[PDB]
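Visitor: Let me begin by handing over the structure; questions about it come next.
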Amino acid sequence: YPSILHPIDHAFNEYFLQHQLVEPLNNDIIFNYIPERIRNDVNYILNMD
Amino acid sequence: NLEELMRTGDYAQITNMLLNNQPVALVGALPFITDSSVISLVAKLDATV
Amino acid sequence: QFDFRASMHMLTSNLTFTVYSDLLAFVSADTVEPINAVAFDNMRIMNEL
């Protein structure tokens, strides 16, 4: 989008745009998020539905 | 073995075999429906259960 | 002084995404019956049955 900004305002907004904290999320990331010893425990059945 | 599947609750193998159309035999005391309809057999209802 | 050339920028971002917080909410977690729960050595936790 076009924008009109002072160079300092542009610096701040560009930094915010270029350094966002969000990252892609998939089932693999969620599965790895579970503790490994719980994923290897046969007493717990984990599914990605 | 259906008893082992029910005891452990891990449906990964059976789900993979059912999704991939891999011939298998589910072994264990099961109830069954006795269907005497020829049209039901032609419709292949036994494969839908 | 205000300069249009030095103030006009093209800000770039994504069109849309959804951010999630509870990753474990995406996990369907179940447990075996406690009678059949086993320890690290694959033997039942409690055997005096």
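Residues are named by chain letter and number: chains run A, B, ... in the order of the structure tokens, numbers start at 1 in each chain, and ligands are numbered from 1 in the order shown.
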Using only C-alpha atoms, find each residue in chain C having at least one atom no more than 8 Å away from chain B; report its shortest atom-to-atom pair and that distance in Å (one decimal), rows by chain then rising number, as a tab-separated table.
Guide:
```
residue	atom	partner	partner_atom	distance
C:31	CA	B:9	CA	7.9
C:32	CA	B:8	CA	6.2
C:33	CA	B:7	CA	7.6
C:36	CA	B:7	CA	7.1
```
Visitor: I need the chosen residues saved as a compact mmCIF listing (two decimals), in the first residue's frame, with N, CA, C and O atoms.
Guide:
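Saved the output as part_36.txt:
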```txt
# COMPACT_ATOMS: atom_id res chain seq x y z
N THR C 31 -6.23 -41.47 27.01
CA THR C 31 -5.40 -42.33 27.84
C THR C 31 -5.98 -43.74 27.85
O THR C 31 -7.20 -43.93 27.74
N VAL C 32 -5.10 -44.73 27.98
CA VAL C 32 -5.52 -46.12 28.11
C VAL C 32 -6.25 -46.26 29.44
O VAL C 32 -6.16 -45.38 30.30
N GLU C 33 -6.97 -47.36 29.61
CA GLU C 33 -7.57 -47.64 30.90
C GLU C 33 -6.47 -47.81 31.94
O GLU C 33 -5.46 -48.47 31.67
N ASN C 36 -4.52 -51.02 32.45
CA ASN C 36 -3.55 -51.42 31.45
C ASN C 36 -2.40 -50.43 31.30
O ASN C 36 -1.60 -50.56 30.37
```
Visitor: Output the contact residues of chain A with respect to chain B at a cut-off of 9 Å, based on only C-alpha atoms, as a VMD selection string.
Guide: chain A and resid 42 to 46
Visitor: How about saving the chosen residues, N, CA, C and O atoms kept, as an mmCIF file, in the first residue's frame?
Guide:
```
data_model
loop_
_atom_site.group_PDB
_atom_site.id
_atom_site.type_symbol
_atom_site.label_atom_id
_atom_site.label_comp_id
_atom_site.auth_asym_id
_atom_site.auth_seq_id
_atom_site.Cartn_x
_atom_site.Cartn_y
_atom_site.Cartn_z
ATOM 1 N N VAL A 42 3.248 -44.905 25.832
ATOM 2 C CA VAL A 42 2.154 -45.668 25.235
ATOM 3 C C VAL A 42 0.854 -45.544 26.009
ATOM 4 O O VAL A 42 -0.192 -45.980 25.514
ATOM 5 N N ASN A 43 0.885 -44.967 27.209
ATOM 6 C CA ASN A 43 -0.336 -44.775 27.976
ATOM 7 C C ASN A 43 -1.165 -43.609 27.466
ATOM 8 O O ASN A 43 -2.348 -43.514 27.806
ATOM 9 N N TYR A 44 -0.576 -42.728 26.665
ATOM 10 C CA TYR A 44 -1.260 -41.566 26.120
ATOM 11 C C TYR A 44 -1.321 -41.685 24.606
ATOM 12 O O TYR A 44 -0.289 -41.857 23.950
ATOM 13 N N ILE A 45 -2.528 -41.600 24.061
ATOM 14 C CA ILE A 45 -2.754 -41.631 22.623
ATOM 15 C C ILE A 45 -3.023 -40.206 22.169
ATOM 16 O O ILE A 45 -4.010 -39.586 22.585
ATOM 17 N N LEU A 46 -2.143 -39.688 21.321
ATOM 18 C CA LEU A 46 -2.218 -38.322 20.825
ATOM 19 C C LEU A 46 -2.552 -38.352 19.342
ATOM 20 O O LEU A 46 -1.923 -39.089 18.575
#
```
Visitor: Could you please select, counting only C-alpha atoms, the residues of chain A within 7 Å of chain C and state them as a PyMOL selection string?
Guide: chain A and resi 1-7+17+30+43-49
Visitor: Take the residues from that selection and write them out as an mmCIF file, in the first residue's frame, keeping C-alpha atoms.
Guide:
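Dumped everything to again-v3.cif:
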```cif
data_model
loop_
_atom_site.group_PDB
_atom_site.id
_atom_site.type_symbol
_atom_site.label_atom_id
_atom_site.label_comp_id
_atom_site.auth_asym_id
_atom_site.auth_seq_id
_atom_site.Cartn_x
_atom_site.Cartn_y
_atom_site.Cartn_z
ATOM 1 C CA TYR A 1 0.000 0.000 0.000
ATOM 2 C CA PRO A 2 1.162 3.587 -0.575
ATOM 3 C CA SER A 3 1.857 5.552 2.595
ATOM 4 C CA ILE A 4 3.057 9.032 3.545
ATOM 5 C CA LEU A 5 5.429 9.002 6.504
ATOM 6 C CA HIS A 6 8.202 11.044 8.033
ATOM 7 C CA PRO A 7 11.521 9.163 7.699
ATOM 8 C CA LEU A 17 6.587 -4.772 9.434
ATOM 9 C CA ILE A 30 2.177 -28.603 17.414
ATOM 10 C CA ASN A 43 -0.336 -44.775 27.976
ATOM 11 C CA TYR A 44 -1.260 -41.566 26.120
ATOM 12 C CA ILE A 45 -2.754 -41.631 22.623
ATOM 13 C CA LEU A 46 -2.218 -38.322 20.825
ATOM 14 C CA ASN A 47 -3.993 -37.498 17.565
ATOM 15 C CA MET A 48 -4.128 -34.480 15.258
ATOM 16 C CA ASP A 49 -7.813 -34.208 14.331
#
```
Visitor: Looking only at strand (DSSP E or B) from DSSP on the backbone, list the matching residues of chain C as a PDB file with C-alpha atoms, in the first residue's frame.
Guide:
```pdb
ATOM      1  CA  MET C   8       5.996   8.301  -0.119  1.00  0.00           C
ATOM      2  CA  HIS C   9       6.679   4.644   0.664  1.00  0.00           C
ATOM      3  CA  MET C  10       5.165   1.271  -0.199  1.00  0.00           C
ATOM      4  CA  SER C  28      -6.797 -34.874  20.783  1.00  0.00           C
ATOM      5  CA  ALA C  29      -5.362 -36.561  23.875  1.00  0.00           C
ATOM      6  CA  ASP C  30      -6.703 -39.813  25.318  1.00  0.00           C
ATOM      7  CA  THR C  31      -5.405 -42.334  27.839  1.00  0.00           C
ATOM      8  CA  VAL C  38       2.457 -49.526  31.886  1.00  0.00           C
ATOM      9  CA  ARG C  44       2.074 -52.680  34.146  1.00  0.00           C
TER      10      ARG C  44
END
```
Visitor: Return as number ranges by chain the full set of residues in chain C whose backbone-based DSSP assignment is helix (DSSP H, G or I).
Guide: C: 4-7, 24-26, 34-36
Visitor: Could you name the residues that touch residue 29 (chain B) at 10 Å or less, counting only C-alpha atoms, but leaving out those on the same chain fewer than 2 positions away, as a PyMOL selection string?
Guide: chain B and resi 2-3+26-27+31-32
Visitor: So the first atom is CA of residue 21 (chain C) and the second is CA of residue 35 (chain A); what is the distance between them in Å, to one decimal place?
Guide: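 The value is 17.0 Å.
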